[PDB]
Structure formats: structure tokens, C-alpha cells
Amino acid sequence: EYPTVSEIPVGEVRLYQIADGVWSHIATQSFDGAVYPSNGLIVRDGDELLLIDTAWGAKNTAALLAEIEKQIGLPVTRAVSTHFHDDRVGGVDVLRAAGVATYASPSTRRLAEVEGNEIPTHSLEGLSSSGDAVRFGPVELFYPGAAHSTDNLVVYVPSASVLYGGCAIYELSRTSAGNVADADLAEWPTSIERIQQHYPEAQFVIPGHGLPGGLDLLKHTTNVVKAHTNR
């Protein structure tokens, strides 16, 4: 039932309700002659919504806001980008124009600026050291250490036992490393073990791209990273 990359036309966004007040958003982008899905999260915060990650570009993110308006009907008041790449910050300008307060760690904000990407406005304190966690409305934000990127955060929704890994967690059908240009391959398994140690109770683990699963996705990701290391 989870929407697959083959069912979403680029420019369109789907929502998938995981638990009471918890949804993933799924969009697609064309990249190098292939089409890739991408996930983010939506978490109900009283009578408002917290958005985790853009929908990978301005057009998709505008479509995301329209689909939230239509299907949920509560305002997106805050958004967090989990690292500085375009599948997470691309669309921040759209969100800001719509009155969404955008947030990222100071590490992510700096890297986005260096990369010429869109820059979330507000800085999230308390995430500078591996293993740091902070509460942000209805979620917990966790910096596990460098992995897919040096700034990558993961997000836990305690009420639903939902762990969103962003691009630091791969889906099971991904057997080779994705974009690792900005990755710390040497630290990535250690960072994943920090995630496992902090959220052993997680029931629903969402990768940055593709199908959700259980905590098996963490060991899967380590396997793929280590195999790539030994390439």
C-alpha cells in the first residue's frame, strides 16, 4: 500500500498516514535519466503541523503544501530540514513565502550556503555533538554523527514509535550506495549504531528514499555502506 516510485508523477505528492497524527510525504524527481522517490514526514502538533523535509524542489513543495491543505487541512507552521542537500532544503523558499518557519542545525545552514542551496531561516541549537538529542514540538531530533552527510539529523516521533532516518538510512531494495560525495563512510556505521542504541523501540523506520520497514533497515544500511567501503 505504500506509494512506490512508479505511481507518483514528478510534480505530484502523496501522503501516507502511518499513525494517528503521523504521515509521510512522498514525491519524485528525475535525476540523471532515472526517477527517484523521496520521503519526508508530517507530524500533527496540536492544531498545527510540523513538516520534516521539503518535497525535493520548489514545484513539488508547493504541491506538498496544496496536498496537505486538501487532505489534512491544518496549517504547516514549522519545518525542519534534516541535511543540506536539495532533497531536504529544496523548497525552503516556497515554505518561507507561505509563512512556514524553517529550521535546520547551524551545520546544515552553513553547508547549504556553501553549496548555494536554499537556507532554512532558524538555527536549531543543541545538536552539534554526536549523540545529541533535542525535543522540537511533537518530535525528537537526533544528531547521530556523520553518515550520508556530516550534518544529517534523524527524527523520532515518540507517540507513534516512528523513526525517520532521512538519507542516512537506505531502503531494503537499495543494494548499492547512493550519493556519497559528501558522506563520512568511515563513521556511518558508528552513527547508525548510535541510532539503534537511542531508538531500540522504534516500530516504523522510514528511509530518505523508498519503502519503510523496521529497524532491520539500519543493519541493512550498514551492510551496504561497509560493502561500498570495501569496493
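Rigid core: the largest C-alpha set superposing within 1.5 Å between the two forms. Residue positions are given as counts along the sequence shown, with the first one as 1.
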{"item": "Greatest C-alpha divergence in 8 other deposited structures of this protein once each structure is fitted on the rigid core, 27-35 or 198-206", "value": "27-35"}
{"item": "Greater mean Cα temperature factor according to the PDB record, 89-97 or 124-132", "value": "124-132"}
{"item": "Stretch with the higher entry mean CA B-factor, where the candidates are 100-108 and 136-144", "value": "136-144"}
{"item": "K219 CA temperature factor, ranked by third within the chain", "value": "middle"}
{"item": "Lowest, middle or highest third - CA B-factor, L74", "value": "highest"}
{"item": "Chain third (lowest, middle, highest) by recorded CA B-factor, residue given as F204", "value": "middle"}
{"item": "CA B-factor placement of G11, once the chain's modelled residues are sorted into thirds", "value": "highest"}
{"item": "Assigned third (lowest, middle, highest) for the C-alpha B factor of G21", "value": "highest"}
